[PDB]
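The chain below stands alone and is given as C-alpha cells, in the form solved without SN-glycerol-3-phosphate.
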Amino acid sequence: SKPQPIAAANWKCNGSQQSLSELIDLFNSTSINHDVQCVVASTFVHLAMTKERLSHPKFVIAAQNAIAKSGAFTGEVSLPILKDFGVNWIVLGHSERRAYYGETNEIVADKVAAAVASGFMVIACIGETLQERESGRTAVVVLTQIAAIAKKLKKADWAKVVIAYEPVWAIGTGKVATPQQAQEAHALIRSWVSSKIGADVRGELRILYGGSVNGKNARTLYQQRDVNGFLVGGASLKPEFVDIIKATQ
C-alpha cells in the first residue's frame, strides 16, 4: 500500500479577496470521502482570510515560506510569527525560490530543520533544471539536494517531513514529464531514504508530485507506486483542484 496522500494547493503569488472566498467556498462545500490531507498555501496577506474561512475538515492552511528567527528582516516572516498566527505547515525549498531568491542547499536545509524543531509540518522541495536533466546530472542533483536536508535532521524528525519532487525540467520548457519519468524519480529518492535513514522511514514517507498537474493526468500519476500525492500550482487556482483531490483514489 501507500501512506496518506496529500493534495496541496500552491496558490503562490496570486489572488484577490473575492477570488479566494469563492474558491474556498467551493472547497468548504466539497465532500471528500477518503483519507487525504488537503493543504492550502496562500499569500501571507491572505493567511487571515483563508484561515477564518476554511471550514472543511480535510483542509490545512500553509505558508509558502519563512525564515527561522524573528528579528530585523525587513520584509520577511519568521517561524515564530507564523506559529503564533496559528500556522503549523510550511512549504520550504520551492523551485521559484532557489531559482530566483538564491535559497541554496544549506539555506533550505537550515530552514527545514528550523521548521521542524518549531513543530512545523514541512513540504520540502527538490528537482533538477532542464540543463542538468539534459546533461544527465539528475541523480547527483536530486540526491545531493535531499541529503542536504537530511544532514540536519534526526530520525524522529522525518515524521514531520514531506518531500516534493519538482521536475523543474518540465516546468516551462515545453517538456512533458510522463508518469514513468516521475516514478523513476520518486523511486530514486525513496531508495536514498530506505538506505540512508531507514526502511521504515522510507515506507511511511509521502513523496508528492511537483510538475504540472490537472484533472486528466492526475489519475495515472498517483497510480504510481512512489507518488504520494500532489504539489499543485495553477489548477490550485481553479476548480479542477477538486478533480485533483479525487484522483487520490
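All residue numbers are counted from 1 along the displayed sequence.
Keep in mind that the form deposited with SN-glycerol-3-phosphate bound is not shown, yet the notes after this line are about it.
- Contact with SN-glycerol-3-phosphate in the entry with it bound, defined as any heavy atom within 4.5 Å, is confined among 209-217, 188-196, 42-50, 24-32 to 209-217.
- Residue-level contacts in the entry with it bound: of 177, 171, 114, 121, one residue has a heavy atom within 4.5 Å of SN-glycerol-3-phosphate, and it is 171.
- Screening 110, 103, 96, 157 for any heavy atom within 4.5 Å of SN-glycerol-3-phosphate in the entry with it bound leaves a single hit, 96.
- Among residues of the shown chain, residue 233 is one whose heavy atoms approach SN-glycerol-3-phosphate to within 4.5 Å in the entry with it bound.
- Within this chain, residue 166 lines the site of SN-glycerol-3-phosphate in the entry with it bound, having a heavy atom no more than 4.5 Å away.
- Though the partner is left out of this view, residue 10 does reach within 4.5 Å of SN-glycerol-3-phosphate in the entry with it bound, counting heavy atoms only.
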